[PDB]
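# Summary of the model geometry
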Amino acid sequence: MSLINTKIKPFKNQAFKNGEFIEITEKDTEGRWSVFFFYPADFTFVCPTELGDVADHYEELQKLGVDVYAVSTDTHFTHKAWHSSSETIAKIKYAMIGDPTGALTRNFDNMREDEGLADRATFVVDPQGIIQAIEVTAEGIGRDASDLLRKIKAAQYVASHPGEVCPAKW
Amino acid sequence: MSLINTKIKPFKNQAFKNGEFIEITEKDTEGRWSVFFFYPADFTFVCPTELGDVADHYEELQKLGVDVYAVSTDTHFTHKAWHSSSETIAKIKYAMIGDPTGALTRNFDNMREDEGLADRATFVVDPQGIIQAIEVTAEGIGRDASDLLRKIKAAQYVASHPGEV
Amino acid sequence: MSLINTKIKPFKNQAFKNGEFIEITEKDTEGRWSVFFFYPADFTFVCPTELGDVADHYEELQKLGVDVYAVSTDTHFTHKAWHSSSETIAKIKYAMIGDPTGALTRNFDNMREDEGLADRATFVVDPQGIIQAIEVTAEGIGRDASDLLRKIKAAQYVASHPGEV
Amino acid sequence: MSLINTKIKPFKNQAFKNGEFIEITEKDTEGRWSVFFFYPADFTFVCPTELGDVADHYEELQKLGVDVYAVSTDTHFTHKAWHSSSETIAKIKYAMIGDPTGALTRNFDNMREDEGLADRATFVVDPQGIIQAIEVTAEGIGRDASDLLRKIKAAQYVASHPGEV
Amino acid sequence: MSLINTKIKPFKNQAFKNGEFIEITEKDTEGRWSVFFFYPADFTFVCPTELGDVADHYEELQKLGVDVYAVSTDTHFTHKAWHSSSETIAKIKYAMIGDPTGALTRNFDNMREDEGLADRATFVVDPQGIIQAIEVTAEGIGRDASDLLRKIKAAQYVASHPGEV
Amino acid sequence: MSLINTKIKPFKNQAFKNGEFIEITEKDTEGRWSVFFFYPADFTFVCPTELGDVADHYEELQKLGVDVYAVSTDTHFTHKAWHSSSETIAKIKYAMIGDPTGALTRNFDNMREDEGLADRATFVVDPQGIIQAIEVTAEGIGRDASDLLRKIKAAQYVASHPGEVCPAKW
Amino acid sequence: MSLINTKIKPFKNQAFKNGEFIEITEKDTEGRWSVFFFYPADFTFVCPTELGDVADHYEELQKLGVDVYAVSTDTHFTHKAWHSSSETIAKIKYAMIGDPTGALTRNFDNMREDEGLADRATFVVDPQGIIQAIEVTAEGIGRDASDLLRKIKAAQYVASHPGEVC
Amino acid sequence: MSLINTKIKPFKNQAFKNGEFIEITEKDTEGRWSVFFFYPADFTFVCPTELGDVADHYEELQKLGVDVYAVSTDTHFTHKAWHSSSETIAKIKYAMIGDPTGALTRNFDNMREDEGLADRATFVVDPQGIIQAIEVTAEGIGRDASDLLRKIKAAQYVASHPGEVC
Amino acid sequence: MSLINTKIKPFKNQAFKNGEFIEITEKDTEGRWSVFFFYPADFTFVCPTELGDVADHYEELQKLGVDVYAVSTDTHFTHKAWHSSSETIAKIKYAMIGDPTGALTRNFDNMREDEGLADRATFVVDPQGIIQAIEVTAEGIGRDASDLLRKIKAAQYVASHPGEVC
Amino acid sequence: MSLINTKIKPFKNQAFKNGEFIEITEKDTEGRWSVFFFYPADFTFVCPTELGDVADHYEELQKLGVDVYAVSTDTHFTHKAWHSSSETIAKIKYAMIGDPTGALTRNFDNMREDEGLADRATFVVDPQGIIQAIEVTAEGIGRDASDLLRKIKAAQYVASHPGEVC
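The rules we used
Residues numbered from 1 in each chain as written, not as in the entry; some residues may be left out. Chains lettered and ligands numbered in written order. Heavy atoms only, no water. Helix = DSSP H or I, 4+ residues; strand = E, 2+ residues; numbered from the N terminus. Rg over C-alpha atoms; globule rule 2.2 N^0.38 Å. Buried < 20%, exposed > 50% of the residue type's maximum accessible area, 1.4 Å probe, protein only. Contact = heavy atoms within 4.5 Å. Areas by Shrake-Rupley, 256 points an atom, 1.4 Å probe, with all protein chains shown as cover. Buried area = accessible area lost by both parts, 1.4 Å probe. Salt bridge = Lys/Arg side-chain N within 4 Å of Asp/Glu carboxyl O. Polar contact = N/O pair within 3.5 Å; in protein donor to acceptor, adjacent residues only side chain to side chain. Nonpolar A, V, L, I, M, F, W, Y, C, P; charged D, E, K, R; others polar. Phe/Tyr/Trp six-rings, centres within 6.5 Å; stacked < 30°, edge-to-face > 60°. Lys NZ or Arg CZ within 6 Å of the ring centre and 35° of its normal. Core = buried A, V, L, I, M, F, W, Y, C linked by side-chain atoms within 4.5 Å. Disulfide = S-S within 2.5 Å. Pairing = 2+ DSSP bridges. Axes fitted to C-alpha atoms, helices over the stretch in contact; angles between N-to-C directions. Parallel < 35°, antiparallel > 145°, perpendicular 65-115°, else oblique. Left-handed = near helix turned anticlockwise from the far one by under 90°.

Per the deposition metadata, X-ray crystallography was the technique used to determine this entry, at a resolution of 3.7500 Å.

### Comments concerning the overall build of chain A
Of the regular secondary structure elements, chain A holds five helices and nine strands. N-terminal to C-terminal, the α/β element order of chain A is β-β-β-α-α-β-α-β-α-β-β-β-β-α. Relative to the globule expectation of 15 Å for 170 residues, the C-alpha radius of gyration of chain A, 16 Å, shows essentially globular dimensions. Overall, the C-alpha framework of chain A stretches about 60 × 30 × 30 Å when taken along its three principal axes. In chain A, buried positions account for 56% of the 170 residues. A fraction of 71% describes how many contacts in chain A between residues 6 or more apart in sequence connect residues 24 or more apart.

### A closer look at the overall build of chain B
What chain B contains, in helices and strands, is four helices and nine strands. Secondary structure elements of chain B, listed N to C terminal, follow the sequence β-β-β-α-β-α-β-α-β-β-β-β-α. Taking 2.2 N^0.38 as the reference for a compact globule, 165 residues should give roughly 15 Å; the C-alpha atoms of chain B span a radius of gyration of 15 Å, in line with that estimate. When the backbone C-alpha atoms are referred to their principal axes, chain B occupies close to 50 × 30 × 30 Å. Looking at the 165 residues of chain B, the share that counts as buried comes to 57%. Carbon and sulfur atoms provide 51% of the accessible area of chain B, an area that totals close to 6,700 Å².

### Quick notes on the arrangement of the chains
Spatially, chain B is disjoint from chain G: no contact exists, and the shortest C-alpha separation is 50 Å. Kept free of each other, chain B and chain I leave a smallest C-alpha distance of 26 Å between them.

### Points about the interface of chain B and chain A
With 36 residues of chain B at the interface, the matching set in chain A holds 36 residues. Both faces combined, the contact of chain B with chain A buries some 2,700 Å², and carbon together with sulfur accounts for 61% of it. Ranking the residues of chain B by area buried against chain A places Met1, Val136 and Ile141 of chain B at the top, with a combined share of 18%. Our count for the contact surface shared by chain B and chain A stands at two salt bridges. We note a salt bridge from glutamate 135 of chain A to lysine 151 of chain B, for which the minimum N-O separation is 3.3 Å. For the pair chain B and chain A, the interface holds 11 residue pairs in polar contact. At the level of elements, β9 (131-137) and α4 (145-160) of chain B are the ones that each hand at least two residues to the side of chain B that touches chain A.

### Observations regarding the interface of chain F and chain G
On the chain G side, the residues contacting the 18 residues of chain F number 18 residues. For the chain F and chain G pair, buried surface summed over both sides reaches about 1,300 Å², with 74% attributable to carbon and sulfur atoms. At the boundary of chain F with chain G, the tally comes to zero salt bridges. For the interface between chain F and chain G, the tally reads zero residue pairs in polar contact. Of the residues belonging to the side of chain F that touches chain G, the class tally is seven nonpolar, five polar and six charged.

### Here's the deal with the packing of aromatic side chains
Using the criterion set out here, one finds 135 aromatic pairs over all chains in the structure. Ring centres of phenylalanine 43 of chain C and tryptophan 82 of chain C lie 6.2 Å apart, and the angle between their planes is 50°; on these two criteria the pair is classed as tilted. Highlighted residues: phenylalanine 43 of chain C in the loop between β3 (33-38) and α2 (49-64) and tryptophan 82 of chain C in helix α3 (residues 76-85), separated in sequence by 39 residues. Judged by relative accessible area, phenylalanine 43 of chain C falls into the buried class, the value being 13%. Linked through ring pairs, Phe11, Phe36, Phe38, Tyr69, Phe108 and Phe123 of chain A together constitute an aromatic cluster. Sitting over the ring of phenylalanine 37 of chain D, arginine 143 of chain D keeps its end group 3.9 Å from the ring centre. Between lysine 80 of chain I and the ring centre of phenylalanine 21 of chain I, over which it is positioned, the NZ or CZ distance is 5.1 Å.

### Digging into the environment of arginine 106 of chain E
Residues and elements named next belong to chain E. Within the secondary structure, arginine 106 sits in helix α3 (residues 103-107). The class for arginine 106 is partly exposed, based on a relative accessible area of 39%. Each residue touching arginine 106, except ones within four places of it in the same chain, is listed here: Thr101, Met111 and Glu113.

### A look at the pattern of salt bridges
Scanning all chains against the criterion turns up 128 salt bridges over all chains. A salt bridge links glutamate 115 of chain B to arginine 112 of chain B; its shortest N-O distance comes to 3.0 Å. Here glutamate 115 of chain B falls in the partly exposed class, since its relative accessible area comes to 37%. Through salt bridges with shared partners, one network takes in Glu135, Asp147, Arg150 and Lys151 of chain G together with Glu135, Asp144, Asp147, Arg150 and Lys151 of chain H.

### Observations concerning the nonpolar core
Counting residues in each nonpolar core, the largest one holds 434 residues, and the members touching the most others are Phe36 of chain A, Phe36 of chain B, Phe36 of chain C, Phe36 of chain D, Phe36 of chain E together with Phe36 of chain F. In terms of residues, this core owes the most to one element, helix α5 (residues 145-160) of chain D, which gives six residues. Leave out the neighbours within four places in its chain, and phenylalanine 36 of chain C touches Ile8, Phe11, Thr29, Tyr69, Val71, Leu104, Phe108, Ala121, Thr122, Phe123 and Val125 of chain C. With 36 residues, the next largest nonpolar core counts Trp82, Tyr94 and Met96 of chain H together with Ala81 of chain I among its residues.

### Section: the state of the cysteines
Using the criterion set out here, one finds six disulfides over all chains in the structure. Two residues share a disulfide in this structure: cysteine 47 of chain G and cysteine 166 of chain H, whose sulfurs sit 2.0 Å from each other. Residues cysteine 47 of chain G and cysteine 166 of chain H are joined by a disulfide whose S-S torsion is about -75°; by sign, that bridge is left-handed. Placement of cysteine 47 of chain G in the loop between β3 (33-38) and α1 (49-56) and of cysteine 166 of chain H in the segment after α4 (145-160) is noted, with the two residues assigned to different chains. A residue is classified by how much of its surface remains accessible, and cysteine 47 of chain G, at 38% relative accessible area, is partly exposed.

### Side note on unusual backbone geometry
Residues other than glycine seldom take positive phi values, yet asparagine 18 of chain D does so here, at roughly 30°. Position of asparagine 18 of chain D relative to the elements: it lies in the loop between β1 (12-17) and β2 (20-25). Overall, the relative accessible area of 43% leaves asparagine 18 of chain D in the partly exposed class. Even without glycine at this site, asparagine 5 of chain E takes up a positive phi of about 60°. If you trace the backbone, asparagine 5 of chain E turns up in the segment before β1 (12-17).

### With respect to the environment of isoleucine 8 of chain C
Residue and element names in this part refer to chain C. Within the secondary structure layout, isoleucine 8 lies in the segment before β1 (12-17). Relative accessible area serves as the criterion here: at 11%, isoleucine 8 is assigned to the buried category. Filtering out sequence-adjacent residues up to four positions away, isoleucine 8 remains in contact with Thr29, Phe36, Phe108, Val125, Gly129 and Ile131.

### Brief notes about helix α1 (residues 49-56) of chain A
Every buried residue of α1 of chain A is accounted for by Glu50, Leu51, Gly52, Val54 and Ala55 of chain A. Of the surrounding secondary structure, the elements contacted by the buried residues of α1 of chain A are β3 (33-38), α2 (58-63), β4 (66-72), β8 (120-125) and α5 (145-160) of chain A.

### Brief notes about the pairing of strand β8 (residues 121-125) of chain J
Residue and element names in this part refer to chain J. Most of β8 sits out of view: five of its five residues are buried. Alternating residues of β8 divide into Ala121, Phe123 and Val125 and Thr122 and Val124, and every residue in both groups is buried. Pairing between strand β3 (residues 33-38) and β8: two bridges, direction antiparallel. Each bridged residue has a counterpart across the sheet, and for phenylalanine 37 the counterpart in β8 is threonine 122. As defined by bridge partners, β8 adjoins strand β9 (residues 131-137) across five bridges and the pair is classed as antiparallel. In the strand pairing of β9, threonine 122 is matched with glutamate 135. Connecting the antiparallel pair β8 and β9 is a turn made up of five residues, with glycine 129 showing a positive phi of about 110°.

### Side note on the packing of α2 of chain C against helix α5 (residues 145-160) of chain C
Residue and element names in this part refer to chain C. In contact at an axis separation of 10 Å, α2 and α5 are set at 15° when each is read in the N-to-C sense. If you check the angle between α2 and α5, you find them roughly parallel. In this structure, α2 crosses over α5, and the sense of that crossing is right-handed. Contacts between α2 and α5 involve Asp53, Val54, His57, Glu60, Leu61 and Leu64 on the former and, on the latter, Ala145, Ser146, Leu149, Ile152, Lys153 and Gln156. Residue classes in the contact of α2 with α5 are distributed as six nonpolar, three polar and three charged.

Shown next as structure tokens:
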């Protein structure tokens with residue numbers, strides 16, 4: 001009962017984006033490619049390289065018509081403080097969702113129950129709402145944003161053009 | 001929910017490796033890095049490009065001290081036949097496990113219940129048995145083996161050098 | 001409780017028939033005599049003598065108006081492979097159903113839950129969908145097609161002749 | 001779920017064997033090959049052709065070390081009557097079990113709950129008590145004893161020969 | 001508990017009467033006095049002395065307007081054979097019902113569950129279907145038909161002359 | 001699930017016998033033939049012919065070693081009053097069990113639940129405690145004590161000599 | 001749960017009253033005061049002192065418009081015999097209910113389960129059917145009819161005009 | 001399910017007895033004849049007779065070896081206040097049990113669930129703990145101590161001389 | 001399962017308010033600001049402050065459009081008796097709710113089950129019925145009316161001017 | 001069920017206190033008075049008036065031997081940033097517990113299920129672990145630290161010597 005190839009469940013979270021707060025819902029991700037990017041929490045000491053990578057590729061993602069959603073168990077208020085404070089997060093223009101309830105994190109089955117934090121999982125959702133790619137890693141282990149783009153471009157190729165690529169030579 | 005950072009469940013499946021069959025269990029992976037590579041089925045006319053790219057780097061993985069385990073719902077008899085049939089699969093030196101029951105596939109919650117086939121998923125397991133990297137993709141979307149390699153190296157570095165940077 | 005003399009349950013399985021892939025259902029059996037021939041797996045070392053006999057008789061069965069359906073837990077892709085790969089299995093013109101879910105096999109209560117494969121069982125269904133003859137056997141036990149042929153002729157005879165002594 | 005390849009359940013039924021009345025149990029089958037031949041009822045208008053064939057082959061089966069047990073919902077008193085009354089049923093030297101409770105029949109899941117009679121079913125049990133071959137049929141469908149004979153020889157052959165291809 | 005003074009339950013059983021078979025139901029006994037006569041089984045070497053004494057008086061019962069129903073767990077096929085076999089049963093002009101299921105036997109709670117046979121019980125039913133006299137005895141202990149006659153006459157008198165003396 | 005050929009359940013009732021009360025139990029009927037004779041109740045208008053019949057045969061029953069127990073839902077006190085009052089019951093010397101609880105009547109499944117009375121049922125118990133014969137009738141319909149003796153004599157014959165009487169001539 | 005201050009459950013019992021049998025139901029106690037008087041059984045060696053007290057007080061109870069119902073597990077047939085037998089019961093004018101089922105005895109929760117008899121308990125029912133006064137005693141303990149009468153006159157007083165304080 | 005003849009359930013309630021508070025349990029009713037007297041509530045306008053009536057008899061009861069326990073859903077604080085602010089309740093030297101939990105009230109199945117108060121009941125208990133006599137009444141219907149006292153004398157008489165005849 | 005922000009459950013209890021009894025329900029709290037003040041029991045030796053403290057503030061509360069409801073497990077009869085026999089409780093002109101059933105106490109999850117009394121809690125309810133402020137304390141620990149009054153002013157301020165910033 | 005007068009459930013939460021992170025458990029509150037101070041979240045636009053009041057009163061609380069615990073659903077990492085950011089939080093000397101699991105918030109029944117935040121609630125724990133005083137308020141309503149201090153001094157008084165009356 002994997003989440004691959006299934007519809008995402010509805011939600012209603014608060015987020016921070018470009019010096020102002022907004023309410024993102026399941027209706028906002030209708031008819032567009034979306035990338036839910038889960039991670040432990042704000043103000044940790046471990047380097048924010050993973051957020052910095054996708055921040056640089058956000059311009060390139062917007063050209064392909066792809067939305068990005070950083071999701072954490074911390075509040076939308078704490079995201080604003082972390083954006084004004086930190087060096088690398090200053091680069092973030094896309095939405096940073098606050099999930100104090102954990103409902104959105106629970107919908108993707110990606111909760112550190114005993115810790116109360118979110119695991120490092122990158123999801124790729126298509127316009128219909130079906131999950132096409134999952135990438136989960138533990139603390140310390142990095143995840144490439146260039147590889148994420150490769151999957152998204154591959155997902156958009158198959159979406160528009162089903163039944164692709166080789167059969168095998170005997 | 002969230003299979004990452006959990007000890008893998010026990011199993012007992014027959015597999016195919018280099019012209020012969022072998023029985024593999026959870027006691028084989030203890031004390032070694034293992035990579036479970038799930039794929040839908042054998043003899044599918046969608047070609048093995050992600051599988052076969054794993055056949056490459058196999059020297060690099062075995063040198064590094066990593067096991068590879070190809071998993072599918074089809075039998076080990078079909079796995080043997082598919083090895084001899086296609087050229088890309090003929091490069092495979094590592095074990096290819098069959099899950100006619102689906103037990104091992106169900107342990108990672110990676111089963112298409114309505115189709116009765118496994119999803120395209122790659123799991124990275126450590127010597128203890130804990131999972132530290134998961135990669136599941138839809139049909140058509142490939143899986144990069146060079147990216148997989150970096151995940152292994154990153155996992156081994158964090159294991160040997162814990163609580164840093 | 002007993003399986004003989006009951007309406008077969010619905011299904012939707014993929015199948016392979018002389019080159020083509022097709023979807024077979026319970027609706028295809030309606031108004032026709034059907035023969036579901038279960039067997040463990042493809043590419044086995046066991047002789048396909050049972051399937052070879054049915055291939056020969058199939059000419060005769062099709063004249064009577066009797067369809068044949070080979071069933072196994074292996075996929076329909078592997079069925080095309082095993083047909084094209086080798087042997088007397090190339091004789092068969094009848095459909096070879098793939099049951100990776102095991103749903104069609106579980107409707108007949110004919111699965112090895114430990115092995116995840118189908119038991120050797122032959123069934124005979126009438127136009128109404130009622131089972132008339134059953135023949136389940138173990139590994140290595142042969143099934144005679146000429147014996148099966150007689151039971152089908154008798155089944156059609158009793159169907160057309162209610163009162164016989 | 002499947003009945004083939006499982007240990008037969010215990011029982012204590014009355015039986016008729018060439019004039020004598022005797023009590024047969026699961027302990028009598030231990031260390032012997034057994035054949036349970038179910039049939040609906042005695043004194044029917046249907047031809048006892050099936051029982052007549054087994055009567056002829058019984059000589060041969062007893063040399064191999066194979067016991068035969070005719071089973072029905074009618075009493076053991078009626079079995080002595082039907083034997084002594086008429087016909088080729090007088091040929092039989094093997095035991096004819098009476099199952100008025102239906103307990104032995106319900107152990108094989110082979111009863112018509114509406115009619116309160118046993119379905120036409122033949123079973124083959126080994127020294128261990130495991131079922132190897134099953135053959136269930138409907139009213140008017142004949143069962144071949146020579147076909148059954150071949151399956152018994154094959155069953156003993158596979159028992160003595162584990163590895164065969 | 002206490003079956004007396006309760007309306008009999010519905011049923012549908014096949015029976016034997018004068019060389020032919022007939023289906024009997026609860027709608028046959030409505031508007032008439034009926035006597036259900038249970039006995040263990042056919043062809044039992046314990047002779048029919050209580051049964052056959054009921055064959056006598058049958059003129060007296062039919063004249064009086066009373067039906068007789070012999071009931072047993074054995075089939076109607078065996079009932080037909082037992083009629084031709086024994087001389088005492090050849091006197092029987094009334095219906096002999098078979099209960100292979102035991103349904104009608106279970107309605108009067110008169111079943112030997114461990115033996116799967118009916119007990120020696122006689123029930124007197126009125127036109128409405130209410131039971132007004134029960135007589136159950138153990139094996140060996142007979143049942144007097146002349147006493148049965150007086151019970152019928154006493155029952156008819158109380159029915160026609162209610163609330164007296 | 002008939003009571004024929006089954007062990008009787010234990011009980012502890014009060015009864016009246018020969019100008020004095022006594023307590024009968026299941027232990028008192030051990031190793032002896034017993035006849036439980038159920039009936040509606042005391043002081044009814046319907047003729048006590050059934051009690052008068054068995055009263056006359058009681059002497060004959062005592063010779064065969066058979067105990068008789070008249071059982072009703074009425075009390076043991078009411079039995080004494082009915083014995084001193086009525087004409088035919090004066091003849092009764094055997095025990096008249098009072099079953100105000102209905103427990104003994106319930107053990108033989110012979111209760112008029114809606115009426116709270118006992119049905120007319122004659123039971124025959126052997127020394128071991130197994131029920132060998134049952135005879136139940138409705139109000140008005142008589143039951144012969146001479147026929148009861150025939151069953152008891154037949155029961156004693158089979159008990160001492162199993163496997164009796166005819167096979168059939170073909 | 002306490003049974004006081006509740007409506008009586010319906011019933012159908014046969015009874016005996018002055019040489020005649022009559023059926024009694026919950027309909028007969030409608031619009032009238034009723035006194036259900038339970039006792040163990042008939043023809044016991046215990047002197048019928050309580051029933052004798054209610055017998056001679058029956059004249060007062062009828063004047064107040066109060067019915068009396070002698071209830072027991074014994075049948076109505078036995079009551080008729082016990083009326084003819086003893087002197088103290090021969091002076092009973094009120095109805096004697098036979099309750100072989102127990103239904104009536106169980107409605108008031110007053111059954112000796114082990115003995116299969118009715119406990120000696122007196123109740124006071126009003127025209128509406130609400131139970132006002134309850135009195136239960138053990139075997140051997142007496143029940144005063146004059147005190148029962150006092151409760152009835154006190155019950156009718158409050159029913160006519162409540163409150164008034166002291 | 002009638003609790004006429006049964007051992008009383010255990011309890012541990014606080015009570016007011018003669019200018020001071022005390023805790024009393026079922027252990028205090030291990031010997032002696034205890035009498036539990038239930039009533040709705042304190043400071044009600046309804047006559048405080050019965051309680052004042054028993055207070056007169058209490059000296060006679062104490063000679064017989066009988067305890068009296070006035071029970072109510074009100075606290076033990078209110079009993080002392082009501083006793084201090086009374087006219088005929090001032091005579092009560094016996095214990096006045098407070099039952100705020102309602103545990104002791106429900107033990108005798110004597111609770112008005114809708115009102116949350118105790119019904120007007122009197123229970124007589126023997127040294128063994130077995131109940132012998134019961135007397136429940138509705139609002140306004142009194143119960144005299146003389147009839148209660150007679151039942152206690154009859155109860156001690158049957159206990160001391162079991163098995164009498166007539 | 002914290003009942004900070006939720007609509008109060010319905011009830012129908014009797015209460016004593018200024019020389020007479022009245023029945024009050026949740027319907028009376030349909031408008032207005034109701035304040036439920038729970039306490040253990042009447043006639044306790046523990047200081048009757050808080051209650052006497054709020055009595056002084058009550059005139060100020062009445063101007064603001066605020067009701068006060070003193071709740072306890074004791075009856076409404078005891079409240080009138082305690083009010084008549086008091087020194088600082090005599091100032092209470094607001095309603096004193098009796099809760100013998102304990103229904104209103106359990107509505108706010110404020111019952112000492114083992115003791116059968118109410119805890120020392122204060123609840124502030126708005127016109128809609130939603131609870132805004134809570135204050136529970138142990139025995140001996142007082143709660144002043146001035147702090148309570150300030151919370152009510154803050155509650156009316158936020159209700160009248162929702163959404164403030166800083 | 002009311003939570004007042006109960007022992008606290010055990011816990012394991014990380015916290016922030018004066019430039020250093022430290023783990024806090026139920027062991028640390030043993031043998032000492034503790035004050036669990038809950039609030040919604042960090043970096044809100046609502047002025048931190050309540051935390052500022054407890055900050056300047058912290059000197060008194062430490063003199064009385066009372067620990068203060070600021071609890072919130074936000075992590076201990078965010079608390080450190082919020083300490084450096086704002087002035088009113090920069091004067092916080094006491095520990096700031098991070099409760100991302102909610103475990104601690106759920107133990108006291110104080111979770112906004114819909115919002116996923118902790119309600120603004122103050123508790124007063126004693127050396128034994130028994131909760132003595134509870135105070136919960138709605139969003140926008142203030143909590144007085146001087147009144148909290150009054151309750152603590154009253155709580156310590158009763159703990160040292162109970163009763164004494166008035």
